Amino acid sequence: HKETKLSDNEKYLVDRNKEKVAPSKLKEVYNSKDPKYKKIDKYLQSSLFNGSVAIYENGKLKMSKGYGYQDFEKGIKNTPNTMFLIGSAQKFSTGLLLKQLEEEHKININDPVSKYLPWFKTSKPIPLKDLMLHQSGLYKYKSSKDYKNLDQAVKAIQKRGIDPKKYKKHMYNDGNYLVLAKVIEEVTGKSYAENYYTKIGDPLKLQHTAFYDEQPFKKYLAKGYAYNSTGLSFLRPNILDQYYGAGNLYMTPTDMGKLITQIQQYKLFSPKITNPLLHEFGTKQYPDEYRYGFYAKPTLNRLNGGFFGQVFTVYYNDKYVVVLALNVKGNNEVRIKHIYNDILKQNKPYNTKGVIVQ
Amino acid sequence: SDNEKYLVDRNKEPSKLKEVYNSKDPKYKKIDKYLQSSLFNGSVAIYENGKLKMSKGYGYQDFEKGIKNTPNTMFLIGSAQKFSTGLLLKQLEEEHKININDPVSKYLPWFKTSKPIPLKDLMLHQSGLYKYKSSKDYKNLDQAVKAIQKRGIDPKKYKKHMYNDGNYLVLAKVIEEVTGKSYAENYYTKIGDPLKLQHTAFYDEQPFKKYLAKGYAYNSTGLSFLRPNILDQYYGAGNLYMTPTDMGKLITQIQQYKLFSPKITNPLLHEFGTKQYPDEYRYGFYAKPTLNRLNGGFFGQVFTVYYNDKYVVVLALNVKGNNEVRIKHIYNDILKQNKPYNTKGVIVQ
């Protein structure tokens, strides 16, 4: 750049992508000779699915295929290279950074936000854990186009503050993970984008995953759609500059599977950290199915984000990682369930409620 | 509570509908096959040249009680009830009780507003009223419309389009005020009963409770039932439940000039891009180039209608999802009805 009137996130990303060319072309993977995947493909085609699928089996990519259009106006078809707005699934990225910071001894999950983010003052103290678990009592984040960066968003949330009746009760809230993203920035003294790339993106070779405004990936960024009235209409993201950590990231389904399988293989943490993070629920440490941006459930682990006409959903266990990205708004959950439970027949015990995982 | 007063007395003292599906007819076999393999949860009804050629339920009406969707299942039509309200409006115009270009204040004296809003601007969704925000507090239509009066007009939206349930709530009250009778009574006496709609009901009518579908939406952490909690204040803008068959029965009969003469019905149904009918939208529904459309999305349900002079396709979905892609695929791809129907600008006879 030049004059640099940019947030820390863009500063980092612009400099990072000065000499970066467009990412490598990804090929379709689909073996019609395997009845499972033939059944899936056939289902996705006849159900008029518009988006992309990626399925990993015992760590290997066994299916990767795009259906319908990435951009309906320009006639660009969905390919394996198509990157979808993952929305609330970015909370997993932020959770991983949190866990990393805990093991680096830079934060403690039961310490309050005010400790790491002095200006974030609140009627009562809020431990980092209560943000992470969506039980802080903060009013639901009301986005604004005014907000140019993460700082303004979290400084807006601080003004709105606590809702007494909802204190120490569960309430899903993007705002929680926006505050956590700022905590990450404040303790590290570095942008969220930098923390993500240095600590996750690059180590795990996620080369088809990008923040909304990165230049070399614009070619592949999917457009989301909804019918409310007057036809199929494109829902332009207008607030992703203030949404660092709670859903301004774009991923190919393959990269999402690549991320999860590598974490499953202990590439970010040791087994004693990874196993409970991924599988322990109903315990003092991991009281809910939800933790660090994702769900550990009885038969499966789940990620999901719904944002600007897109739906990005992940069902997985130790054999399959199923990533289903939808850029025309609709019911993605019925689809991914049908694939995971009905076709792949994975409706079976996976995690055990109450057990202290080793 | 004039609406319930009428309905309770009406219902002091419905027939089972059978499946209609001929797998030997390739069109309908293709539709059924699509609906099954796409995991459709709801009900379909298709009329061909006035006759019911397909009527079938898929998946569950109530997932908790294991009740399957049948042709008897009645779905929350939501914003498609605006069509009912529009029909009542048009009826009142032809009875010479209201004029569409006269202001609301004329017929509803207490509904005062910084600038006058003609009935037409409400009907067309261009009143400039701030988008209705409901509340559980409101026990009836009156409180809802007295709430919307309170907040008034939004400058800049003064005379431009903005979809708003509130518009048709104020029109429903206009109907009540001019007739001196409840909306429910006006609907039954002027539409429901004349057109033998016997599997259509307001949310709280007792004899139909058995068949009222539950809407769902897995937002996070499983499939969850979205209980309607505001339908007492939503008379005219989406508190009605219909079987898909009744919706087709309604449209085909209107098409056959059973509510109005052809000189009234034809433009109502087909004229768009004119002084009288400037937009595709009118009286609660859309007249488009290749088709006429109704749609309502409310409490986890989606109720959509595509039709022309041959087919009326009614598709009801009680697990929230993309109903439009489905009904398009049926109407355009399978039934091959993507072809000129209404003509923009033409003054229709």
Side-chain angles (χ1 to χ4, degrees), chain A residues 39-40 42-51 68-69 72 87-89 91 134 170-174 225-233 288-290 293-300 302-306 309 311 313 326-339 341-343, chain B residues 30-42 58-60 63 79-80 82 125 161-164 215-224 279-281 285-286 288-291 293-297 300 302 304 306 317-330 332-334:
Chain A
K39 216 181 229 273
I40 292 161
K42 188 167 196 68
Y43 159 63
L44 292 180
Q45 290 196 32
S46 58
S47 60
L48 310 171
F49 178 64
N50 196 102
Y69 294 87
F72 273 100
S88 195
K91 292 187 177 61
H134 296 296
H170 177 273
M171 196 206 91
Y172 210 81
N173 187 349
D174 289 348
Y225 296 91
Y227 310 88
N228 138 319
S229 286
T230 68
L232 186 66
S233 60
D288 307 325
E289 293 183 339
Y290 195 80
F294 77 96
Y295 294 92
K297 306 181 145 290
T299 64
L300 56 85
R302 168 178 188 276
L303 288 82
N304 180 86
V311 199
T313 310
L326 185 68
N327 64 307
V328 183
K329 192 175 187 306
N331 194 340
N332 205 43
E333 200 85 23
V334 168
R335 300 174 171 285
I336 201 168
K337 283 172 170 212
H338 180 67
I339 290 173
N341 298 324
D342 299 335
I343 300 178
Chain B
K30 216 151 157 168
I31 293 161
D32 176 74
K33 184 184 180 205
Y34 160 62
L35 292 180
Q36 293 209 54
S37 58
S38 60
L39 291 33
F40 178 66
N41 195 103
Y58 300 82
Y60 294 87
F63 274 101
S79 194
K82 292 188 177 61
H125 296 296
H161 157 73
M162 198 207 86
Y163 209 99
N164 187 349
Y216 297 91
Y218 339 64
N219 303 110
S220 258
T221 67
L223 184 69
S224 59
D279 299 343
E280 293 183 340
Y281 195 80
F285 78 93
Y286 295 84
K288 305 182 146 289
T290 65
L291 56 86
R293 165 199 148 86
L294 287 84
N295 180 276
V302 199
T304 310
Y306 272 26
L317 186 67
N318 64 307
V319 183
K320 192 168 180 181
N322 195 339
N323 205 43
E324 200 84 28
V325 77
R326 300 174 171 285
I327 201 167
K328 283 172 83 159
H329 180 68
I330 291 174
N332 299 323
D333 299 334
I334 301 175

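Side chains are part of it too, since the values below use all heavy atoms of this structure and drop only hydrogens, waters and symmetry mates. Just so we're on the same page: letters track the sequence lines, and every chain starts at 1.
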Exercise. What heavy-atom pair brings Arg293(B) and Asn228(A) nearest, and what distance separates the two atoms?
Worked result: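 Shortest heavy-atom separation between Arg293(B) and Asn228(A) comes out as NH2-O, 3.6 Å.
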Problem set entry | Shortest non-hydrogen contact from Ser37(B) toward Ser47(A) |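 Here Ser37(B) and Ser47(A) meet closest at O-CB, 4.4 Å.
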Problem set entry | Contacts of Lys91(A) that satisfy salt bridge (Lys or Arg N to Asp or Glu O under 4.0 Å) - sequence neighbours left out |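 Testing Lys91(A) for salt bridge (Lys or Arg N to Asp or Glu O under 4.0 Å), a comparison that skips the adjacent residues, returns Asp174(A).
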For this session: Could you tell me which residues satisfy salt bridge (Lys or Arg N to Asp or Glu O under 4.0 Å) with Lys337(A), sequence neighbours excluded, listed by chain and number?
Result: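 Partners of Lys337(A) under the salt bridge (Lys or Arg N to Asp or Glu O under 4.0 Å) test: none.
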Exercise. Between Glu280(B), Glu324(B), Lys33(B), which residue shows the highest count of heavy-atom pairs closer than 4.5 Å to chain A?
Worked result: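 Looking at each of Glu280(B), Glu324(B), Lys33(B) in turn, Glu324(B) comes out on top.
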For this session: Specify which of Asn295(B), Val319(B), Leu39(B) makes the most heavy-atom pairs with chain A at under 4.5 Å.
Result: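 Max contact count across the listed options: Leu39(B).
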Problem set entry | Atom group of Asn41(B) that falls short of 4.5 Å from chain A, counting heavy atoms |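 It is neither, since no heavy atom gets under 4.5 Å.
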Problem set entry | Any side-chain donor near an acceptor of the partner, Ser229(A) and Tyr286(B), under 3.5 Å |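 Result is yes, a qualifying pair exists.
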Exercise. Can you tell which of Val334(A), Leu44(A), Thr230(A) has the highest number of heavy-atom pairs within less than 4.5 Å of chain B?
Worked result: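 Maximum pair count with chain B is reached by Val334(A).
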For this session: Could you walk me through whether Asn331(A) and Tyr218(B) pass the side chain to side chain contact (heavy atoms under 4.5 Å, CB included) test, one step at a time?
Result: CA-CA 8 Å; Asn331(A) 194 340; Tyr218(B) 339 64; 2.9 Å; yes
Exercise. Is the number of heavy atoms from other residues, nucleotides or ligands within 6.0 Å of NZ (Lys288(B)) greater than 12?
Worked result: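 It does: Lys288(B) NZ has more than 12 such atoms within range.
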Problem set entry | Pairwise distance NZ(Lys320(B)) to NZ(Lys329(A)) - rounded to 0.5 angstrom |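 Atom-to-atom, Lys320(B):NZ and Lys329(A):NZ are 5.0 Å apart.
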